[PDB]
Every structure is written in structure tokens, then in C-alpha cells.
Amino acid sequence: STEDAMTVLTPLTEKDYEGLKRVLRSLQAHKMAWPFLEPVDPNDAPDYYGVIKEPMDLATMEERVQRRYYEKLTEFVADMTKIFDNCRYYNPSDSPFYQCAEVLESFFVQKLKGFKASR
């Protein structure tokens, strides 16, 4: 589709970045986002950094947005998907963190579709 191709190929503009910030702030404000605001503490999660190859959290994404790290929407989506995929990979499906990942990714997908349509 056009949205698929734009996501992979169209460089993010200044206006795009304002939308990225709105999406990120919406995720940070969500009731289920608190496990993802800051990096996992090793005292909360034995072996976490040895198991998870590419850790990610919303504070790292915020820094990257502020530094204009992302050139394509795909890269932003990839970092966000790391947050949820890492959580579900490390934790069993009955973990409360796994449940938060399910809810918050669903919210992200809704917001992401709105952002793609706006471009």
C-alpha cells in the first residue's frame, strides 16, 4: 500500500516528528505504560540483559526522538516493537508485564495507523 511504502521509504519530515512526539507522549501517558517508561532493572529480572539482545524502553525512544535519531518510520516502529517483543519473550504469558505489553501494543497499533494516515 501507499502507507506501507511511505513507512519504509519516505524520510521523516519536521511535521512527521511532531506526530511522532504525540504518539510517544500518548504511550507514556497510558495506564499500562509504567513498566516500559525506564529500562528494566537487573534486580527485577534475573539474566535479563544476557537473554534480551536489543533492550529498549520509552525513555530511550524519547531521547532518540529528541536527537532526531529516526530517519524512517520503520525504525521508530522497530524500536517500539522491541519493547513489547522483549517483554513477551523474557516473561511467561501470565506475567503482569506480558499483559501490559499486549494492551499497550494494541494501543500503539491504533495510534500508529492514525499517524500513517496523517502523512
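In case it trips you up, residue 1 is the first one in the sequence shown, and so on. In this text, the rigid core denotes the largest set of C-alpha atoms whose superposition between the two forms falls within 1.5 Å.
- Note on 88-96 and 38-46: with rigid core alignment, C-alpha atoms in 9 other deposited structures of this protein sit farther from this form for 38-46.
- Superposing on the core and measuring CA offsets in 9 other deposited structures of this protein, the stretch of 22-30 and 47-55 with the greater mean deviation is 47-55.
- Of the two stretches examined, 39-47 and 75-83, the record assigns the greater average C-alpha temperature factor to 39-47.
- When the mean C-alpha temperature factors of 16-24 and 99-107 are read from the deposited coordinates, 16-24 comes out higher.
- Residues shown: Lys53, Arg88, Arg64, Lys31. Highest C-alpha temperature factor in the entry: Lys31.
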